[PDB]
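Protein chains in written order, with my numbering: chain A, 223 to 328; chain B, 2 to 367; chain C, 2 to 367; chain D, 2 to 367; chain E, 2 to 367; chain F, 88 to 196. Heads up, the beta-carbon is just placed ideally off N, CA and C, and yes, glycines get one too.
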Amino acid sequence: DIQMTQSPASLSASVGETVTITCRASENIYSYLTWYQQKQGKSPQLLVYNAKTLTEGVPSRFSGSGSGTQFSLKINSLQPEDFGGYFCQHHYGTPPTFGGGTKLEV
Amino acid sequence: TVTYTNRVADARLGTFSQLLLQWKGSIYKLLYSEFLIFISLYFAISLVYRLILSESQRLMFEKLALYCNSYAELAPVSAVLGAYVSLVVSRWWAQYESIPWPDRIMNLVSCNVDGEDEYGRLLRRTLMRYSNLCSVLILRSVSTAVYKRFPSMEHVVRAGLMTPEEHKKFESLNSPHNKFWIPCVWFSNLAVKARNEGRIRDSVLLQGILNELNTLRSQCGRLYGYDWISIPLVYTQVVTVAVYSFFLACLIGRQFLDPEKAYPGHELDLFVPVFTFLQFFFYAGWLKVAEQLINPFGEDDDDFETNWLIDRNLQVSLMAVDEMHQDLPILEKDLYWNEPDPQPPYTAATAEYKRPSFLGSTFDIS
Amino acid sequence: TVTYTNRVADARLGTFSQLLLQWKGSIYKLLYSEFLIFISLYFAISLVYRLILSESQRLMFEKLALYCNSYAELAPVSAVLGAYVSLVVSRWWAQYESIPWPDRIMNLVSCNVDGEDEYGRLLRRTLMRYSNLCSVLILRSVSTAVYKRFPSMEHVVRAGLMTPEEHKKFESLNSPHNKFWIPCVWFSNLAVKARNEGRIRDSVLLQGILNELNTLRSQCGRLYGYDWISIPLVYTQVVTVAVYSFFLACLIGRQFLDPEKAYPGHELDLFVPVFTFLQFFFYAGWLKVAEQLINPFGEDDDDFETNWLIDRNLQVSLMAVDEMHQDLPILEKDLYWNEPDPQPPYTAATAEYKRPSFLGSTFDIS
Amino acid sequence: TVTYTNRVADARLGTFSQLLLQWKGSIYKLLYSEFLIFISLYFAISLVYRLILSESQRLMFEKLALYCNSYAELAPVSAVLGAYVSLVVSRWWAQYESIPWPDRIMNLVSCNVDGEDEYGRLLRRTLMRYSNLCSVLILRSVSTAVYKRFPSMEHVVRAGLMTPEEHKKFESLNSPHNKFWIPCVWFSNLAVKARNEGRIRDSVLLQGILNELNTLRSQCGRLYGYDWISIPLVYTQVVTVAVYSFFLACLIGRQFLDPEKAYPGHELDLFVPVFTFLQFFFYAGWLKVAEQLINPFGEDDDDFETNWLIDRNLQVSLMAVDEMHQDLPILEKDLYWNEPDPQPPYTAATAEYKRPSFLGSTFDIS
Amino acid sequence: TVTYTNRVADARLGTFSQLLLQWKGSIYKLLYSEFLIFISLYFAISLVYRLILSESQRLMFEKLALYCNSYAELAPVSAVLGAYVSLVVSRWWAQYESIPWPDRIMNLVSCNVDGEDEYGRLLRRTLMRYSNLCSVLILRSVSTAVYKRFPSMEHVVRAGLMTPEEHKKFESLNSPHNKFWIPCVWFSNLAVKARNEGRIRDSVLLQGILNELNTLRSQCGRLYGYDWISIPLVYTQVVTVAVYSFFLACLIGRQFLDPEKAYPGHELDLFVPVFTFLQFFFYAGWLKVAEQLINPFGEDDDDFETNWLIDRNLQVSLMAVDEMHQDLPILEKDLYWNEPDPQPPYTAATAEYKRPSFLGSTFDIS
Amino acid sequence: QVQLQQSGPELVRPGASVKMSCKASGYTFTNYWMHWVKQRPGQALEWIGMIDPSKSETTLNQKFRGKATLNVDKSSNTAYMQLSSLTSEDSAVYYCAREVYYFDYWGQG
Ligand SMILES: [Ca+2]
Ligand SMILES: [Ca+2]
Ligand SMILES: [Ca+2]
Ligand SMILES: [Ca+2]
Ligand SMILES: [Ca+2]
Ligand SMILES: [Cl-]
Ligand SMILES: [Cl-]
Ligand SMILES: [Cl-]
Ligand SMILES: [Cl-]
Ligand SMILES: [Cl-]
Ligand SMILES: [Cl-]
Ligand SMILES: [Cl-]
Ligand SMILES: [Cl-]
Ligand SMILES: [Cl-]
Ligand SMILES: [Cl-]
Ligand SMILES: [Cl-]
Ligand SMILES: [Cl-]
Ligand SMILES: [K+]
Ligand SMILES: [K+]
Ligand SMILES: [K+]
Ligand SMILES: [K+]
């Protein structure tokens, strides 16, 4: 199995700030990583896929980077909506293990 | 035509066993009548021996069965059958690859016959139709499935494969031979006329279109050749005589003789010759392979789907030279514009198939 | 040549059995004389044994028959026969595909040699005739059916395949070898002269016509090669020695020995060796397959119809470059002008053959 | 795909023996389940005979086993298997050589589509992608390994093999048939448009690029043909019936009968039929050869690595027409500039391979 | 590679017998170790039976040997071996014809790249080297004999097959796959640049040079394919299992049993199984044919001489495009200038070979 | 528009079995692999398995080998998951997601 280690467990910031979440792969997963946003109670939503590419609805303030075993999500110029849960998932093989998660609080 | 390609994609437990339960184009469907006649003749003889013949006649029948049984030898049948069926299978695939496809001419006519005006459209559409007509004419000459759909030249016209003027011009040309080559001549003349009207830039582009036409003509010729030159009749008769000689021997030789008389080889009476019937399916079914593929343009389950090919070619042909003439999508930068070594993704189920590059056998894998 | 292609279109009950009742190009017609000689020699020996030999001589004959019978082994005959017949069949089809057809040159000359005037007509007609002459010359060199129709070069002229001036030019060129290549040179020169007179636009179109000529020359060369390079005589003798060795053994070995003497294997006397005669048709008929196709340009029933081909080619050739030069039908809009996805009709009998498009094995059929 | 080419480079002591210890794509992995079922059925029958059947029933089983054993004849199985597997192996290699490679078009597009500006770059990159798209589209239609990676046309787009505008244009063209031919038409149109914009000098160079495209189209057609036209089902069923008939006979016939009863041929009881199991690996493994290669685009160990090919082609294709367009190394004088007869060095290990020139068999070696 | 072509030129008394006395690439050299192991295992078992086993154990061994001997059946081995070796031999010759030769490109570059000045010379020499580099790169990937001579890309440079600038450009192009295709792209770019500099007149001549390059690329691809796509491992394992099964049976079955016990078939004790050892050479040697040719680019005696080919091609290539560019001998009138039917002389030994012209089979020889 | 509508919430006693659904709409059902994810509070999302709608080929997670079962109904465009030998730890939120090199559409849960 490929182990997804996410950090920080929770980050606290205020509107306008810029935070950066980090997922690290147990082994090389090339550019096969996706970023999801999940607000308590609702079902997760796709933010970034293929490590860098943003999906449809995602605003320009979201950006992904990394490759191999080191990836990172960067949310610059925070907003009220951007507060909640954030997790990653690798897409290189089966099973596609998920990350520990990150609680983004105000 | 009877495509099971996806079923046999992997070599699993029942890859081939599963196919024994299929009826369409199967050994059962092709052998049905023959098998029943064999079954009948066998058990008929069997009852005559068990219930009719006298003790003295039974002794002669037993001596006759030993004689017949000594001549049911497959080794000579396997020899001639294997060779003959190999010949049939060879011609079978050659005939398929001889079915002309418009795609190569289609690509040239679509891009090299200039004009976005009604004439340019009529020109391109008429050129393709001359190709499809050269084909439809030969297909209805060699395929019974197609001929029964175009029994007369009027059917060809009413189906929209030939215009009534073309049919008039067709009739005007007096020739006792098959005119399937006519549209192929019209094409070359129309392609040249198109070049003189300035619709075809160079002669390099014109000859290129003329070459792909000639190729299509050679395809139609191959189809004509295989239809005309049958496998020599004497060869076909030889293999049926050999096969039938065997089943004739089995009819009597494979009879279950008296167990009490203790004939060497006939110690057990099972009434039903399981392995002889299994040999019948083998050899009669093996002969049916040749029997079915000796003319792949017939109406067998595994005979080519020539009428569907005609429809697909008609639709695609015109569409590529009309709606697609100089009609391209919006040029965009590709997703890998700034990526020299792209790493296209893999689904969850296919990641095991992302392999390192094979450099050569000689290189050390490190 | 003996086409039964339509009879074997479908794999029905009697697809192959029906062919056993046909005489033309059949196994019976080719084996007739040989079989009778075998029949005679057999029953002749049989009567000498039953009616002439003494009790002591009969015991030697019985011991001789057991010796001969042990050497009637089909397995080695099947080996060499199958291989040899496969070689013959291979060359047989290669020689057919080596018979030159005008259609490819015909298409170019008809559209690329300009002129609707008598000279343009004479030019195109003379070009085609140089092609047909290159063929007729080689065919009468390799085909006995053709040679007996053109035994002398005068026959070629009087038949209208060569003009008396051409025959004069023909004789003027001093060469000890077969001149079948001469018309092929004339063509290239006449094609170049035609281009210099402005009757052939570019060199692209001229080289294209010269290429199809060279291809036709290669066809004639293949025919010359197969006629010249026979299958090595030693190989042919080997397979006849093997076959005859078998039938020699059978002549004595397959004799019906005394039933009373109770020889193992000879318990029943049928007087007529049914299965041995069935083996004769098999192997003698199998050898006749090679015997007939080893020279497919002879006068056998299944030998190629070379004289009809010459006639058909002559008629079609001239017709396509003369009456059809720049002569097209009236361009019309096709019946599917405004229909992007045409659905050509089907007759009542052929509607079952309107199939959905085969997209690929991988796709789910839903 | 399972390449052992370097292991079998030399014919040493264990060249082939060593391969018996390999599991990937091996006979053991493919026969595992079948063998166990055979093993079980065999030893199950064996115990029923040794421990369950009565003295009277054992005598029937022994008579039944002698009957079955007389019908386990490999010779007819070898005949049909060899022929069938040869056909499969033939198609197997033909399908491989039908996998389109960009390299030939790649070379032309890279050097003959002018422009060192963003448009020239976009032009060359878009041309190659139309080729790779023509391939990926057909590969995902015939290969389950590829289809599971591109199950929907959206996967193709998101993977960067097709732009969303191209997908829009793709959908805009209404056709019920497989559209794998679409990119191949776009290419010809885009190549012509490129020539009209002055990016392609002559028509000679344009037709040359169009020809290599048509060849690639013919490659895709061959793949479609082999996927569509399966080996006739009846033929496949025949060979499985023959193989299974043999193993059915062995299941009972090869049982170790009572040694005391002293049946001719059954003097020794080994409990485990060593040679019968070795015959199972032979024939069941021989059938598995056909079972695995009948569809070389599946997910078997020895099935083609179609997904890696797609990746390799994508990377190399774009790289050759973009980073390498009119981009050469610095021209230098070669190391043998003034040496007419260069003598390139040899390593210590390879000096034995420096041989004198082979002039011909006829020349005296002095 | 082991050429005996001149020895077998004629079919004399000892044409083939003489070859049994040759060691290089012989059956003895390839079977040596295997035969000794067989010899040993046989005579080891033989002594255990004659000197160790008790009277009771000998009876079991004799019963065991009769069992094994009944399973030493060559007929199934001959079937699978013949087919497998035929496949290997087919690929063997296909791989040979896939070794690229410069001669066709060599002829074009030498005559169509203008300039008798140092640049014209450097241009032609660099073009040829790009071809030879495309080859050397693939050869060192598939041939162990070549790789051991060019283990690293530095060896290629130091050997004078690639300049250090080219090696720099080579490394600059980032790609994870085999770069053997790089020189083939450089060639096309350099050929186009040469045309733009006015060194290549027309585009017809440029495309002609580009075509022969593409052909060379296809040659390298075939070599890559045969190296990558090994014969399916399961097939290779099947034939070794069958062969070894036979020799396993022979090891015990072919033991010389007690003559006194008078076993049918074992009446004479010769201690040494002459014909069994002769069968070993036959089948083990027959397997060695495939064993040696399954990878013809290895270091076997009969494996291709790939390093000599590289040397010969280098020398001839450069020489033809440099010293021979527009360099012809003095044009003279030929010795047969005024002789229309020349009669070239014959030596005394060859006068029997002056034959009359073969006109055709149909003509009367008079 | 793509929409994955799962079944309602369920309540069962330990040891029993349950079978929840997921009805897809707005896209070709058979062209996208369907996955199932388990969501427990405090733990990370667990991947249960996937199913190929076309051939009903299942690929489960070793951790759920004996607990989960997958199958679909191509006719009704719905996917199903069955959980057996239910315990207190099998209590969680279960999602069904569509895969396209990523999980772009989930169910409500
Ligand atoms: Ca048929
Ligand atoms: Ca003849
Ligand atoms: Ca070797
Ligand atoms: Ca497969
Ligand atoms: Ca000779
Ligand atoms: Cl037999
Ligand atoms: Cl033709
Ligand atoms: Cl039976
Ligand atoms: Cl025999
Ligand atoms: Cl020639
Ligand atoms: Cl008889
Ligand atoms: Cl047998
Ligand atoms: Cl095609
Ligand atoms: Cl056994
Ligand atoms: Cl044998
Ligand atoms: Cl290639
Ligand atoms: Cl011996
Ligand atoms: K099976
Ligand atoms: K029949
Ligand atoms: K070995
Ligand atoms: K000899």
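Residue closest to residue i, alpha-carbon to alpha-carbon, out of the options
i: residue 107(D); options: 190(E), 253(E), 220(E); result: 190(E)
i: residue 10(C); options: 305(B), 365(B), 353(B); result: 305(B)
i: residue 275(B); options: 295(D), 242(D), 174(D), 269(D); result: 242(D)
i: residue 307(B); options: 329(C), 229(C), 353(C); result: 353(C)
i: residue 109(F); options: 188(F), 174(F), 161(F), 177(F); result: 161(F)
i: residue 218(C); options: 238(C), 185(C), 104(C); result: 185(C)
i: residue 280(C); options: 76(B), 40(B), 180(B), 63(B); result: 76(B)
i: residue 232(B); options: 42(C), 324(C), 47(C), 97(C); result: 97(C)
i: residue 181(E); options: 157(E), 293(E), 165(E), 195(E); result: 157(E)
Beta-carbon gap between residue i and residue j smaller than 8 Å
i: residue 240(A); j: residue 298(A); result: yes
i: residue 113(C); j: residue 206(C); result: yes
i: residue 318(E); j: residue 202(D); result: no
i: residue 125(F); j: residue 135(F); result: yes
i: residue 83(D); j: residue 80(E); result: yes
i: residue 227(B); j: residue 92(B); result: yes
i: residue 342(B); j: residue 345(C); result: no
i: residue 154(C); j: residue 134(C); result: no
i: residue 188(D); j: residue 131(D); result: yes
Neighbouring residues, chain B, relative to residue i (Cβ below 8 Å)
i: residue 250(D); result: 276
Interface residues of chain F facing residue i [CB-CB closer than 9 Å]
i: residue 156(D); result: 118, 119, 187, 188
i: residue 346(D); result: Ordered by position in chain F, no residue passes the 9 Å Cβ test against residue 346(D), which lies about 50 Å from the chain.
Per-residue contacts from residue i into chain A (C-beta, under 9 Å)
i: residue 170(F); result: Near residue 170(F) there are no residues of chain A at all, since even the closest Cβ is about 17 Å away, more than 9 Å.
i: residue 353(B); result: 315, 316
Amino acids of chain C, ordered along the chain, whose beta-carbon sits closer than 7 Å to that of residue i
i: residue 361(E); result: 142, 143, 179, 228
Chain B residues whose Cβ lies nearer than 7 Å to that of residue i
i: residue 167(D); result: 330
Listed by chain order, chain D residues near residue i by CB distance under 8 Å
i: residue 283(C); result: Per Cβ cutoff of 8 Å: no residues; residue 283(C) is ~16 Å from chain D at best.
Neighbour list for residue i in chain E, Cβ cutoff strictly below 9 Å
i: residue 176(C); result: 341, 342, 358
When a residue counts only if its C-beta is closer than 5 Å to some heavy atom of ligand 15, which residues count, in chain order? 74(E), 76(E)
Hey, which residues come within less than 6 Å of ligand 14, measuring from Cβ to any heavy atom, in chain order? Qualifying residues, in the order they occur: 255(D), 274(D), 275(D), 276(D), 277(D).
Count Cβ pairs between the stretch 292-306 of chain C and the stretch 21-33 of chain C that sit closer than 8 Å; are there 3 or more? yes
Closer than 6 Å to ligand 16: residues, by C-beta to nearest heavy atom, in chain order: 102(D), 104(D), 105(D), 218(E), 219(E), 222(E)
Inspect the CB distances between the stretch 215-225 of chain D and the stretch 250-268 of chain B and report whether three or more fall short of 8 Å. no
The stretch 67-78 of chain C / the stretch 41-55 of chain C touching (three or more Cβ pairs under 8 Å): Contact fails: fewer than three Cβ-Cβ distances are below 8 Å.
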